[PDB]
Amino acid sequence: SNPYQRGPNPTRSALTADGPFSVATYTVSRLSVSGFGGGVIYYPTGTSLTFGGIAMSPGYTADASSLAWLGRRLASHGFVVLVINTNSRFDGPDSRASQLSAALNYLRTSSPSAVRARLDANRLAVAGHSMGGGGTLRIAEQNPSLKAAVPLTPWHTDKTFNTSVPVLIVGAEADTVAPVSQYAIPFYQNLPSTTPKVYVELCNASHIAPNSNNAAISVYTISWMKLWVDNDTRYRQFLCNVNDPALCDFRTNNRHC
């Protein structure tokens, strides 16, 4: 049996709402940490188990609140999640990668005792929005110890990331900021053919789709994190044989099926 498996058997409906774990938060002040701008930790409560960790970056001009719904959503399905604020709201994608690295170090070492007590530091992942998704791609390339990476409507001027970390990219069909033809799709195509990878494109969605409750983002992000952070094969069903009415594209090399 899988020692990292958490929660009841999933249904698709259950992955579109907060999950079976209650969630608490801890606010990490900007002045209290080195290498990033603080943020908010979301973590499961009412449980004696340990969970994988996820660090998430917002995009240009944005703060951690722009991903609060998703940090809480992931935590409620069984993850310790640190959504960062950046040193400057104007930091670029590679800077955001460096800050995600600093945030993962903080999460493992200097976060509250209660957070470390429910964190399995051996199982970590990253996600992020826009330039924060660019940072997710870069840290995945720099840090093959990561279990998974989920760039959401990502933006970066570099298009090729030589990473072995399994990547699921969410593109937005109606994105006029990081259009999928110039950003998300090239990122997917240029990843190594040997790295497990998925691209999903949300029909009719804008660049700010990741900043509020979104059923498809919830399903695909939870499932990819579950499959790779927890080795939880019960989530393969949502990532294989896909026929999703909300998607206008789906690409994969089918290394996870």
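Start at 1 and count along the sequence shown; that's the residue number.
Legend entry - Higher-scoring stretch by recorded Cα B factor average, 155-163 or 127-135: On average, C-alpha B-factors are higher across 155-163.
Inset, instruction - State which stretch shows the higher mean Cα B factor in the entry: 219-227 or 25-33. - result: Averaged over C-alpha atoms, the B-factors run higher in 25-33.
Legend entry - Among modelled residues of the same chain, the CA temperature factor third for residue 145: For residue 145, whose C-alpha B-factor we compare with every modelled residue in the chain, the answer is the middle third.
Inset, instruction - Compare the C-alpha B factor of residue 105 with those of the other modelled residues in its chain, then answer lowest, middle or highest third. - result: Lowest third of the chain for residue 105's C-alpha B-factor.
Legend entry - B-factor third for the C-alpha atom of residue 57 within its chain: Within its chain, residue 57 is a lowest-third residue by C-alpha B-factor, going by the deposited values.
Legend entry - For residue 41, the third of its chain into which the C-alpha B factor falls: Answer is lowest: the recorded C-alpha B-factor places it there.
Inset, instruction - Among all modelled residues of this chain, ranked by Cα B factor, put residue 198 in the bottom, middle or top third, i.e. lowest, middle or highest. - result: Answer is middle: the recorded C-alpha B-factor places it there.
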